[PDB]
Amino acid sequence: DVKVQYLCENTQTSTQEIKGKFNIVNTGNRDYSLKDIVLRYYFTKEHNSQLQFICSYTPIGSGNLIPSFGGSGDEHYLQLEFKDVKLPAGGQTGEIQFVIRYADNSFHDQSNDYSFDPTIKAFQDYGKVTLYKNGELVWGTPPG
């Protein structure tokens, strides 16, 4: 009913910046609001510094994103929630650029990150980024 496409922008194994794009696609016949949708990107947090999120660009308006971080060090995640943005039946958000850095600009090893796949250089359906609608997993598979 709803799915995620992904593309990897920073393919560097060890990096100060995780960087890619999401695209949320409504593949059914019912209109949704993004406010009911929760997206997660999974990575390993090896340093204690706090994490920062940046959206460089999205057609939906970056003001409409509600980012947060959660989970253990070994399975951390970026979580995206949203304000009341319409996702019509059959429609898509278009690109949601995401950047994750440490506040202290420390380096991060992406080769340990569950959701990292630098073979994906153009958008494609991607099961290692999850979607939840109202508590229920509707797209993808979380770590384990």
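Residue positions are given as counts along the sequence shown, with the first one as 1.
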remark   = Comparing 131-139 with 14-22, the higher average Cα temperature factor in the PDB entry belongs to 131-139
remark   = When mean C-alpha B-factors in the record are compared for 71-79 and 36-44, the larger belongs to 71-79
message = In terms of recorded Cα temperature factor, pick the maximum from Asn112, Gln92, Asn105, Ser62.
response = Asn112
request  = Determine which member of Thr27, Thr58, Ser49, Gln52 has the highest CA B-factor, using the values in the deposited entry.
outcome  = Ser49
request  = Looking at the entry's B-factor column for C-alpha atoms only, identify whether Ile66 ranks in the lowest, middle or highest third of its chain.
outcome  = middle
